[PDB]
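Colleague: File name final-v1.cif; file contents mmCIF, C-alpha atoms and all ligand atoms; full text below.
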data_data
loop_
_atom_site.group_PDB
_atom_site.id
_atom_site.type_symbol
_atom_site.label_atom_id
_atom_site.label_comp_id
_atom_site.auth_asym_id
_atom_site.auth_seq_id
_atom_site.Cartn_x
_atom_site.Cartn_y
_atom_site.Cartn_z
ATOM 1 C CA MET A 1 -9.143 1.801 26.992
ATOM 2 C CA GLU A 2 -8.766 4.382 24.273
ATOM 3 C CA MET A 3 -6.086 3.807 21.718
ATOM 4 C CA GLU A 4 -4.745 7.173 22.619
ATOM 5 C CA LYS A 5 -4.181 6.129 26.227
ATOM 6 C CA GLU A 6 -2.533 2.934 25.133
ATOM 7 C CA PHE A 7 -0.232 5.048 22.897
ATOM 8 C CA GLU A 8 0.699 7.336 25.736
ATOM 9 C CA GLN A 9 1.651 4.359 27.865
ATOM 10 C CA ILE A 10 3.694 2.687 25.142
ATOM 11 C CA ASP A 11 5.515 5.918 24.432
ATOM 12 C CA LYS A 12 6.191 6.490 28.153
ATOM 13 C CA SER A 13 7.566 3.048 28.665
ATOM 14 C CA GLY A 14 9.545 3.062 25.385
ATOM 15 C CA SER A 15 8.023 -0.295 24.544
ATOM 16 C CA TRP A 16 7.397 0.029 20.754
ATOM 17 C CA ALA A 17 10.183 -2.411 19.927
ATOM 18 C CA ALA A 18 8.933 -4.939 22.506
ATOM 19 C CA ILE A 19 5.375 -4.784 21.214
ATOM 20 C CA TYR A 20 6.600 -5.052 17.598
ATOM 21 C CA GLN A 21 8.744 -8.076 18.391
ATOM 22 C CA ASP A 22 5.712 -9.766 20.074
ATOM 23 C CA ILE A 23 3.711 -9.256 16.888
ATOM 24 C CA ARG A 24 6.520 -10.791 14.872
ATOM 25 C CA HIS A 25 6.546 -13.892 17.178
ATOM 26 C CA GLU A 26 2.769 -14.324 16.922
ATOM 27 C CA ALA A 27 2.477 -13.848 13.176
ATOM 28 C CA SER A 28 1.322 -16.581 10.818
ATOM 29 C CA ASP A 29 3.685 -18.613 8.761
ATOM 30 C CA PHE A 30 2.323 -20.304 5.692
ATOM 31 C CA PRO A 31 4.129 -21.831 2.712
ATOM 32 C CA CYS A 32 5.283 -19.922 -0.300
ATOM 33 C CA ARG A 33 6.351 -22.775 -2.536
ATOM 34 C CA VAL A 34 5.455 -21.116 -5.834
ATOM 35 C CA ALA A 35 7.419 -18.003 -5.033
ATOM 36 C CA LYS A 36 10.441 -20.148 -4.359
ATOM 37 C CA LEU A 37 10.448 -22.104 -7.635
ATOM 38 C CA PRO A 38 13.652 -21.522 -9.525
ATOM 39 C CA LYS A 39 11.857 -20.109 -12.564
ATOM 40 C CA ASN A 40 10.455 -17.330 -10.346
ATOM 41 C CA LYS A 41 13.743 -16.043 -8.944
ATOM 42 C CA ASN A 42 13.776 -13.046 -11.266
ATOM 43 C CA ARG A 43 10.176 -12.151 -10.337
ATOM 44 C CA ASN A 44 11.035 -11.424 -6.733
ATOM 45 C CA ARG A 45 12.743 -8.286 -5.576
ATOM 46 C CA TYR A 46 13.810 -9.889 -2.276
ATOM 47 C CA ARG A 47 14.364 -13.512 -1.473
ATOM 48 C CA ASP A 48 12.868 -13.194 2.015
ATOM 49 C CA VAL A 49 9.599 -11.344 0.928
ATOM 50 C CA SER A 50 7.238 -13.759 -0.727
ATOM 51 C CA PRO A 51 3.491 -14.136 -1.094
ATOM 52 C CA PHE A 52 1.865 -17.079 0.648
ATOM 53 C CA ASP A 53 0.520 -19.644 -1.751
ATOM 54 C CA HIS A 54 -3.001 -19.421 -0.269
ATOM 55 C CA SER A 55 -3.449 -15.719 -0.900
ATOM 56 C CA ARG A 56 -1.159 -15.042 -3.904
ATOM 57 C CA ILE A 57 -2.640 -13.380 -6.905
ATOM 58 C CA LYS A 58 -2.517 -15.604 -9.962
ATOM 59 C CA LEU A 59 -1.965 -14.084 -13.380
ATOM 60 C CA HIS A 60 -4.424 -15.535 -15.971
ATOM 61 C CA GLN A 61 -1.830 -16.640 -18.423
ATOM 62 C CA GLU A 62 -0.758 -20.168 -19.209
ATOM 63 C CA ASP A 63 3.003 -19.345 -19.464
ATOM 64 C CA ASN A 64 3.770 -18.530 -15.760
ATOM 65 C CA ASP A 65 1.051 -17.319 -13.414
ATOM 66 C CA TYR A 66 3.404 -15.954 -10.754
ATOM 67 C CA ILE A 67 3.560 -12.362 -9.452
ATOM 68 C CA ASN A 68 4.783 -11.172 -6.016
ATOM 69 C CA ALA A 69 1.349 -9.965 -4.878
ATOM 70 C CA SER A 70 -1.141 -10.968 -2.195
ATOM 71 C CA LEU A 71 -4.903 -10.578 -1.676
ATOM 72 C CA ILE A 72 -5.647 -9.163 1.764
ATOM 73 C CA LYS A 73 -9.347 -9.881 2.462
ATOM 74 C CA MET A 74 -10.677 -8.114 5.510
ATOM 75 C CA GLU A 75 -14.070 -9.809 6.029
ATOM 76 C CA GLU A 76 -15.389 -7.781 8.929
ATOM 77 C CA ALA A 77 -14.304 -4.458 7.391
ATOM 78 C CA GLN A 78 -15.732 -5.566 3.982
ATOM 79 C CA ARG A 79 -12.680 -4.351 2.093
ATOM 80 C CA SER A 80 -9.890 -6.059 0.153
ATOM 81 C CA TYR A 81 -6.512 -4.844 -1.008
ATOM 82 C CA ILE A 82 -3.758 -6.299 -3.170
ATOM 83 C CA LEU A 83 -0.339 -5.751 -1.691
ATOM 84 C CA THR A 84 2.543 -6.151 -4.099
ATOM 85 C CA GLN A 85 6.208 -5.319 -4.472
ATOM 86 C CA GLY A 86 7.292 -2.374 -6.614
ATOM 87 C CA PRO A 87 7.533 -3.772 -10.169
ATOM 88 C CA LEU A 88 10.897 -4.909 -11.470
ATOM 89 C CA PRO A 89 12.015 -4.008 -14.935
ATOM 90 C CA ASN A 90 10.868 -7.427 -16.106
ATOM 91 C CA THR A 91 7.603 -7.511 -14.222
ATOM 92 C CA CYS A 92 5.902 -4.228 -15.278
ATOM 93 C CA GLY A 93 3.811 -6.125 -17.782
ATOM 94 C CA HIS A 94 2.810 -8.630 -15.180
ATOM 95 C CA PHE A 95 1.838 -5.754 -12.815
ATOM 96 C CA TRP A 96 -0.518 -4.176 -15.344
ATOM 97 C CA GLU A 97 -1.887 -7.572 -16.318
ATOM 98 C CA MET A 98 -2.797 -8.019 -12.684
ATOM 99 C CA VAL A 99 -4.471 -4.604 -12.561
ATOM 100 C CA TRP A 100 -6.457 -5.478 -15.680
ATOM 101 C CA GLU A 101 -7.487 -8.954 -14.564
ATOM 102 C CA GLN A 102 -8.407 -7.994 -11.020
ATOM 103 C CA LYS A 103 -10.478 -5.026 -12.198
ATOM 104 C CA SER A 104 -8.720 -2.604 -9.979
ATOM 105 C CA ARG A 105 -9.561 1.074 -10.313
ATOM 106 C CA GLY A 106 -6.776 2.469 -8.227
ATOM 107 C CA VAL A 107 -3.023 1.905 -7.692
ATOM 108 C CA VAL A 108 -1.455 3.276 -4.576
ATOM 109 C CA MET A 109 2.310 3.858 -4.564
ATOM 110 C CA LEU A 110 4.124 4.796 -1.375
ATOM 111 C CA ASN A 111 7.794 5.036 -2.563
ATOM 112 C CA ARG A 112 9.868 6.981 -5.109
ATOM 113 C CA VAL A 113 11.430 5.094 -7.965
ATOM 114 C CA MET A 114 14.842 6.185 -6.647
ATOM 115 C CA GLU A 115 15.615 6.484 -2.918
ATOM 116 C CA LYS A 116 19.036 6.744 -1.106
ATOM 117 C CA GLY A 117 20.664 6.460 -4.602
ATOM 118 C CA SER A 118 19.078 3.056 -5.259
ATOM 119 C CA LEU A 119 16.282 1.834 -7.576
ATOM 120 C CA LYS A 120 13.346 0.908 -5.454
ATOM 121 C CA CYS A 121 11.097 0.107 -8.307
ATOM 122 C CA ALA A 122 10.903 0.378 -12.033
ATOM 123 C CA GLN A 123 9.414 3.347 -13.828
ATOM 124 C CA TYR A 124 6.355 1.387 -14.629
ATOM 125 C CA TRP A 125 4.072 4.273 -15.751
ATOM 126 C CA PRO A 126 4.702 6.997 -18.379
ATOM 127 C CA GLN A 127 6.036 10.353 -17.180
ATOM 128 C CA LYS A 128 4.908 12.181 -20.380
ATOM 129 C CA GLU A 129 1.531 12.114 -22.123
ATOM 130 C CA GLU A 130 3.121 11.798 -25.478
ATOM 131 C CA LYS A 131 5.363 8.839 -24.641
ATOM 132 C CA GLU A 132 3.043 5.885 -23.942
ATOM 133 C CA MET A 133 4.321 2.480 -22.773
ATOM 134 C CA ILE A 134 3.706 -0.803 -24.489
ATOM 135 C CA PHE A 135 4.143 -4.036 -22.514
ATOM 136 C CA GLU A 136 4.662 -6.475 -25.362
ATOM 137 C CA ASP A 137 4.720 -9.540 -23.133
ATOM 138 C CA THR A 138 1.146 -8.992 -21.806
ATOM 139 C CA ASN A 139 -0.261 -7.033 -24.782
ATOM 140 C CA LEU A 140 -1.086 -3.838 -22.847
ATOM 141 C CA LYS A 141 -0.690 -0.183 -23.630
ATOM 142 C CA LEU A 142 -0.597 2.504 -20.946
ATOM 143 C CA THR A 143 -0.917 6.242 -21.517
ATOM 144 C CA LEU A 144 -0.599 9.110 -19.147
ATOM 145 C CA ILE A 145 -3.832 11.196 -19.474
ATOM 146 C CA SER A 146 -3.222 13.811 -16.717
ATOM 147 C CA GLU A 147 -1.595 14.474 -13.432
ATOM 148 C CA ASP A 148 -2.162 16.748 -10.472
ATOM 149 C CA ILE A 149 1.085 17.298 -8.576
ATOM 150 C CA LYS A 150 0.437 18.441 -4.946
ATOM 151 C CA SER A 151 2.842 19.102 -2.122
ATOM 152 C CA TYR A 152 2.824 15.664 -0.505
ATOM 153 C CA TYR A 153 1.356 13.466 -3.266
ATOM 154 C CA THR A 154 0.492 13.257 -6.947
ATOM 155 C CA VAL A 155 -2.660 11.865 -8.562
ATOM 156 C CA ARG A 156 -2.532 10.595 -12.142
ATOM 157 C CA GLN A 157 -5.131 9.523 -14.559
ATOM 158 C CA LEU A 158 -3.883 6.629 -16.746
ATOM 159 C CA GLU A 159 -5.480 4.808 -19.621
ATOM 160 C CA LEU A 160 -4.828 1.130 -19.731
ATOM 161 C CA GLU A 161 -5.707 -0.637 -22.997
ATOM 162 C CA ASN A 162 -5.979 -4.338 -23.613
ATOM 163 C CA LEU A 163 -4.441 -4.539 -27.083
ATOM 164 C CA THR A 164 -6.053 -7.978 -27.732
ATOM 165 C CA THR A 165 -9.568 -6.529 -27.544
ATOM 166 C CA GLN A 166 -8.993 -2.776 -27.733
ATOM 167 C CA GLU A 167 -10.989 -2.388 -24.472
ATOM 168 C CA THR A 168 -9.683 0.549 -22.416
ATOM 169 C CA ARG A 169 -10.038 1.491 -18.757
ATOM 170 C CA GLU A 170 -9.142 4.516 -16.669
ATOM 171 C CA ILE A 171 -6.819 3.810 -13.756
ATOM 172 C CA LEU A 172 -6.119 6.237 -10.969
ATOM 173 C CA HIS A 173 -2.533 6.362 -9.747
ATOM 174 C CA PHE A 174 -2.214 7.790 -6.174
ATOM 175 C CA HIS A 175 1.428 8.438 -5.504
ATOM 176 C CA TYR A 176 2.583 9.465 -2.048
ATOM 177 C CA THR A 177 5.759 11.224 -2.875
ATOM 178 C CA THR A 178 7.107 12.414 0.388
ATOM 179 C CA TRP A 179 7.788 9.418 2.667
ATOM 180 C CA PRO A 180 11.209 10.155 4.144
ATOM 181 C CA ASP A 181 14.238 8.234 2.970
ATOM 182 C CA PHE A 182 14.847 7.251 6.602
ATOM 183 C CA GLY A 183 12.257 6.515 9.251
ATOM 184 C CA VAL A 184 8.595 7.546 9.059
ATOM 185 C CA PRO A 185 6.761 10.881 8.678
ATOM 186 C CA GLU A 186 6.896 12.935 11.883
ATOM 187 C CA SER A 187 3.158 13.671 11.544
ATOM 188 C CA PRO A 188 0.575 11.477 9.821
ATOM 189 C CA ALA A 189 -1.362 14.442 8.549
ATOM 190 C CA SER A 190 -0.307 14.248 4.931
ATOM 191 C CA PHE A 191 -0.589 10.501 4.784
ATOM 192 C CA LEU A 192 -4.172 10.739 6.157
ATOM 193 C CA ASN A 193 -5.101 13.448 3.632
ATOM 194 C CA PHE A 194 -3.738 11.006 1.014
ATOM 195 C CA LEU A 195 -5.768 8.167 2.333
ATOM 196 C CA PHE A 196 -8.912 10.238 2.402
ATOM 197 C CA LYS A 197 -8.275 11.326 -1.271
ATOM 198 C CA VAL A 198 -8.003 7.712 -2.226
ATOM 199 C CA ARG A 199 -11.275 6.925 -0.507
ATOM 200 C CA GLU A 200 -12.988 10.050 -2.066
ATOM 201 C CA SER A 201 -12.055 8.763 -5.571
ATOM 202 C CA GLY A 202 -14.248 5.714 -5.405
ATOM 203 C CA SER A 203 -11.227 3.426 -5.880
ATOM 204 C CA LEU A 204 -11.949 1.469 -2.662
ATOM 205 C CA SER A 205 -15.598 0.970 -3.336
ATOM 206 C CA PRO A 206 -17.054 -2.527 -3.790
ATOM 207 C CA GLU A 207 -17.976 -1.941 -7.419
ATOM 208 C CA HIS A 208 -14.280 -2.264 -8.283
ATOM 209 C CA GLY A 209 -11.666 -4.939 -7.792
ATOM 210 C CA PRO A 210 -9.200 -4.442 -4.943
ATOM 211 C CA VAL A 211 -6.985 -1.430 -4.902
ATOM 212 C CA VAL A 212 -3.345 -2.274 -5.659
ATOM 213 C CA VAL A 213 -0.971 -1.007 -3.045
ATOM 214 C CA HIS A 214 2.824 -1.056 -3.176
ATOM 215 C CA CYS A 215 6.106 0.306 -1.892
ATOM 216 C CA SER A 216 9.432 -1.362 -2.711
ATOM 217 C CA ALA A 217 8.879 -4.719 -1.017
ATOM 218 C CA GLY A 218 5.087 -4.319 -0.540
ATOM 219 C CA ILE A 219 5.027 -4.997 3.203
ATOM 220 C CA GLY A 220 6.280 -1.986 5.197
ATOM 221 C CA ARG A 221 4.861 1.307 4.075
ATOM 222 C CA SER A 222 2.178 -0.657 2.170
ATOM 223 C CA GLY A 223 1.171 -2.315 5.373
ATOM 224 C CA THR A 224 0.697 1.014 7.142
ATOM 225 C CA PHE A 225 -1.767 2.124 4.447
ATOM 226 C CA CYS A 226 -3.936 -0.944 4.597
ATOM 227 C CA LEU A 227 -3.778 -1.203 8.384
ATOM 228 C CA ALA A 228 -4.825 2.427 8.903
ATOM 229 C CA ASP A 229 -7.643 2.160 6.392
ATOM 230 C CA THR A 230 -9.078 -1.068 7.829
ATOM 231 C CA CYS A 231 -8.764 0.138 11.476
ATOM 232 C CA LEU A 232 -10.751 3.274 10.574
ATOM 233 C CA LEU A 233 -13.374 1.226 8.717
ATOM 234 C CA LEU A 234 -13.751 -1.040 11.812
ATOM 235 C CA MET A 235 -14.119 1.980 14.153
ATOM 236 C CA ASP A 236 -17.011 3.200 12.035
ATOM 237 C CA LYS A 237 -18.647 -0.256 11.615
ATOM 238 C CA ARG A 238 -18.562 -1.139 15.359
ATOM 239 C CA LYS A 239 -19.663 2.438 16.195
ATOM 240 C CA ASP A 240 -17.007 2.347 18.899
ATOM 241 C CA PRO A 241 -13.495 3.752 18.362
ATOM 242 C CA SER A 242 -12.445 1.919 21.581
ATOM 243 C CA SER A 243 -13.300 -1.706 20.501
ATOM 244 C CA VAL A 244 -10.583 -1.774 17.730
ATOM 245 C CA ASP A 245 -7.254 -3.285 18.641
ATOM 246 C CA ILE A 246 -4.699 -2.376 15.969
ATOM 247 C CA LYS A 247 -2.389 -5.280 16.991
ATOM 248 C CA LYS A 248 -5.162 -7.794 16.377
ATOM 249 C CA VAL A 249 -6.005 -6.159 13.027
ATOM 250 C CA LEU A 250 -2.352 -6.343 11.990
ATOM 251 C CA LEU A 251 -2.149 -9.996 12.940
ATOM 252 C CA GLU A 252 -5.183 -10.646 10.891
ATOM 253 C CA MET A 253 -3.669 -8.900 7.873
ATOM 254 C CA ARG A 254 -0.445 -10.951 8.365
ATOM 255 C CA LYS A 255 -2.477 -14.043 7.661
ATOM 256 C CA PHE A 256 -2.556 -12.879 4.070
ATOM 257 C CA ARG A 257 0.949 -11.433 3.573
ATOM 258 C CA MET A 258 4.069 -11.804 5.555
ATOM 259 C CA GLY A 259 5.864 -9.046 7.281
ATOM 260 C CA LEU A 260 3.271 -6.276 7.130
ATOM 261 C CA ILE A 261 4.780 -3.367 9.166
ATOM 262 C CA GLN A 262 8.519 -3.807 9.140
ATOM 263 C CA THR A 263 9.767 -1.708 12.003
ATOM 264 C CA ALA A 264 8.700 -0.535 15.431
ATOM 265 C CA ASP A 265 8.673 3.071 13.949
ATOM 266 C CA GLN A 266 6.196 1.950 11.340
ATOM 267 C CA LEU A 267 4.009 0.349 14.071
ATOM 268 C CA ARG A 268 4.084 3.632 16.069
ATOM 269 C CA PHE A 269 3.218 5.566 12.941
ATOM 270 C CA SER A 270 0.244 3.330 12.115
ATOM 271 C CA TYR A 271 -1.095 3.872 15.637
ATOM 272 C CA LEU A 272 -0.645 7.623 15.245
ATOM 273 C CA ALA A 273 -2.346 7.600 11.913
ATOM 274 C CA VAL A 274 -5.381 5.693 13.158
ATOM 275 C CA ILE A 275 -5.649 7.913 16.302
ATOM 276 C CA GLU A 276 -5.328 11.149 14.377
ATOM 277 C CA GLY A 277 -7.609 9.893 11.584
ATOM 278 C CA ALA A 278 -10.358 8.952 14.060
ATOM 279 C CA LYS A 279 -9.925 12.382 15.840
ATOM 280 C CA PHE A 280 -10.141 14.208 12.469
ATOM 281 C CA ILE A 281 -13.281 12.306 11.486
ATOM 282 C CA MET A 282 -14.797 13.163 14.917
ATOM 283 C CA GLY A 283 -14.187 16.977 14.471
ATOM 284 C CA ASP A 284 -10.566 17.748 15.452
ATOM 285 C CA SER A 285 -8.953 19.796 12.616
ATOM 286 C CA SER A 286 -5.702 20.526 14.675
ATOM 287 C CA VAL A 287 -4.320 17.034 13.928
ATOM 288 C CA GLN A 288 -3.816 18.352 10.328
ATOM 289 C CA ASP A 289 -1.523 21.104 11.768
ATOM 290 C CA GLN A 290 2.239 20.747 11.339
ATOM 291 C CA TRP A 291 3.208 24.098 12.929
ATOM 292 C CA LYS A 292 6.960 24.145 13.645
ATOM 293 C CA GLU A 293 9.254 26.587 15.406
ATOM 294 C CA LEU A 294 11.519 28.647 13.229
ATOM 295 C CA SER A 295 14.641 26.536 12.830
ATOM 296 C CA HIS A 296 17.409 26.179 10.252
ATOM 297 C CA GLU A 297 18.887 22.839 11.244
ATOM 298 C CA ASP A 298 19.987 21.887 7.727
HETATM 299 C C1 LIG A 301 -18.298 -6.703 -0.915
HETATM 300 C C2 LIG A 301 -17.096 -5.818 -0.667
HETATM 301 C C3 LIG A 301 -15.967 -6.568 -0.063
HETATM 302 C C4 LIG A 301 -15.894 -7.527 0.941
HETATM 303 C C5 LIG A 301 -14.519 -7.893 1.081
HETATM 304 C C6 LIG A 301 -13.848 -8.864 2.011
HETATM 305 N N1 LIG A 301 -13.799 -7.189 0.200
HETATM 306 N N2 LIG A 301 -14.675 -6.407 -0.499
HETATM 307 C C7 LIG A 301 -14.140 -5.397 -1.405
HETATM 308 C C8 LIG A 301 -14.401 -4.048 -1.222
HETATM 309 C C9 LIG A 301 -13.873 -3.073 -2.073
HETATM 310 C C10 LIG A 301 -13.065 -3.421 -3.136
HETATM 311 N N3 LIG A 301 -12.530 -2.396 -3.967
HETATM 312 C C11 LIG A 301 -12.801 -4.775 -3.306
HETATM 313 C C12 LIG A 301 -13.320 -5.739 -2.470
#
As structure tokens - that is how I would like this structure written.

Modeller:
Amino acid sequence: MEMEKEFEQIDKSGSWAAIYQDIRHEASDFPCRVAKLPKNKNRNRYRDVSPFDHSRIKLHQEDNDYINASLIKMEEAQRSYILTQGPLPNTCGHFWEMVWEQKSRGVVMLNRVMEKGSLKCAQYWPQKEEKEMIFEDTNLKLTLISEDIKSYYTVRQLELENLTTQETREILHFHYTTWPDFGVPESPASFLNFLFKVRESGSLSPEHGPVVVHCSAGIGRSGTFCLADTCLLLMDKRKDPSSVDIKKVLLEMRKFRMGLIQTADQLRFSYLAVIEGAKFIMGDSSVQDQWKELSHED
């Protein structure tokens, strides 16, 4: 059964919430004892979003190795991702330490620093070339080299320098800037064009460490990115769009980080993204359309 026919049935029955709640009941639960240590309270944005001990990323420092970040290892798809919360004002150094140590080439950001009048993450990268950031706690310097601001996303080139060695590396920052404040995008076209730009950059290739993906909590919008990417990889590897079950893939990813996909709307969106991405790859350009009637509803 094509995913598209499954989607039509779920939409007809209105059963997105039911299917989502079934995934939540079936999801793994593993300990997160390190995350819950008192000394780590100020390293977590939310008390109920924690990395599992088995898959947490460890910082390579002796002081405190903890960061709210998880390694998602998709063995059949042969890709890995690090899912993390948006950095806090006191964890921006830790975030770039992670990027350095894990050898990541790309960072993928799916939120705005400010949304609905609230701080969703710290301003952890420089906005101006001439005003570089120094993270004194982890001995890193970060400079903005260039940016390309497009309608639905921005791509930045950053230089990250290890001040202990003076080694430098180029990091690509892929920033999806147009996720709505409420709900999900009506069409996945722009999010798929984003995804494909990330892939085109080389950042997801096996010569690099895992891409770092975040939103505010690092489970909801972040989960949609990783889920859509891996489902598309599996469709290509099995040479059968129809053998991939997105609910099974999501449950597999939830072995590595709790909570991935946080609403029924996000689950529907991830399905739409994978369907429309597969259709685009197979020759359908119309799924990039977002033609709308003339309206002035605002
Ligand atoms: C050999 C490639 C492989 C297998 C698995 C499970 N992950 N990766 C991988 C792929 C790409 C990146 N950027 C990082 C890691």

Colleague: For a quick check of understanding, using all atoms listed in the file, which of A:234, A:108, A:122, A:74 has the smallest distance to residue 90 in chain A?

Modeller: A:122

Colleague: Measuring between only C-alpha atoms and all ligand atoms, which one of A:296, A:197, A:103, A:5 shows the shortest distance to ligand LIG 301 (chain A)?

Modeller: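 Closest to ligand LIG 301 (chain A), using only C-alpha atoms and all ligand atoms: A:103.
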
Colleague: I'd like to know which of A:84, A:177, A:203, A:68 is closest to ligand LIG 301 (chain A), using all atoms listed in the file.

Modeller: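 Of A:84, A:177, A:203, A:68, the one nearest ligand LIG 301 (chain A) is A:203, counting all atoms listed in the file.
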
Colleague: Which residues of chain A have any atom within 6 Å of an atom in ligand LIG 301 (chain A) when counting only C-alpha atoms and all ligand atoms, and what is the closest pair of atoms for each, with the distance in Å to one decimal? Order the rows by chain and rising number and write it as a tab-separated table.

Modeller:
residue	atom	partner	partner_atom	distance
A:73	CA	A:LIG301	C6	4.6
A:74	CA	A:LIG301	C6	4.8
A:75	CA	A:LIG301	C6	4.1
A:78	CA	A:LIG301	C4	3.6
A:79	CA	A:LIG301	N1	3.6
A:80	CA	A:LIG301	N1	4.1
A:204	CA	A:LIG301	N3	4.1
A:205	CA	A:LIG301	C9	4.6
A:206	CA	A:LIG301	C9	3.7
A:208	CA	A:LIG301	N3	4.7
A:209	CA	A:LIG301	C11	4.6
A:210	CA	A:LIG301	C11	4.0
A:211	CA	A:LIG301	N3	5.7

Colleague: Enumerate, as a ChimeraX atom specification, the residues matched when the PyMOL selection byres (((chain A and resi 150) around 12) and not hetatm) is run on the file above.

Modeller: /A:147-149,151-156,174-178,190,193-194,197

Colleague: Given only C-alpha atoms, how would the per-residue table for range 211-230 of chain A near range 241-257 of chain A read, listing every residue at most 9 Å away with its closest atom pair and distance in Å to one decimal, sorted by chain and number, as CSV?

Modeller:
residue,atom,partner,partner_atom,distance
A:219,CA,A:257,CA,7.6
A:223,CA,A:250,CA,8.5
A:226,CA,A:253,CA,8.6
A:227,CA,A:250,CA,6.4
A:228,CA,A:246,CA,8.5
A:230,CA,A:249,CA,7.9

Colleague: Using the chain letters and numbering of this document, enumerate as JSON, numbers by chain the residues selected by the PyMOL selection byres (((chain A and resi 225) around 12) and not hetatm).

Modeller: {"A": [81, 82, 83, 108, 109, 110, 176, 188, 191, 192, 193, 194, 195, 196, 198, 199, 211, 212, 213, 214, 215, 218, 219, 220, 221, 222, 223, 224, 226, 227, 228, 229, 230, 231, 232, 250, 253, 260, 261, 266, 267, 269, 270, 271, 273, 274]}

Colleague: Could you check which of A:275, A:160, A:282, A:67 is closest to residue 106 in chain A, using all atoms listed in the file?

Modeller: A:160

Colleague: Evaluate the PyMOL selection byres (((chain A and resi 30) around 10) and not hetatm) and record the selected residues as a ChimeraX atom specification, following the chain and residue labels used in the document.

Modeller: /A:27-29,31-33,51-55,255-258

Colleague: Using only C-alpha atoms for the distances, tell me which of A:262, A:293, A:235, A:138 is nearest to residue 279 in chain A.

Modeller: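 Going through A:262, A:293, A:235, A:138 one by one, the smallest distance to residue 279 in chain A is for A:235.
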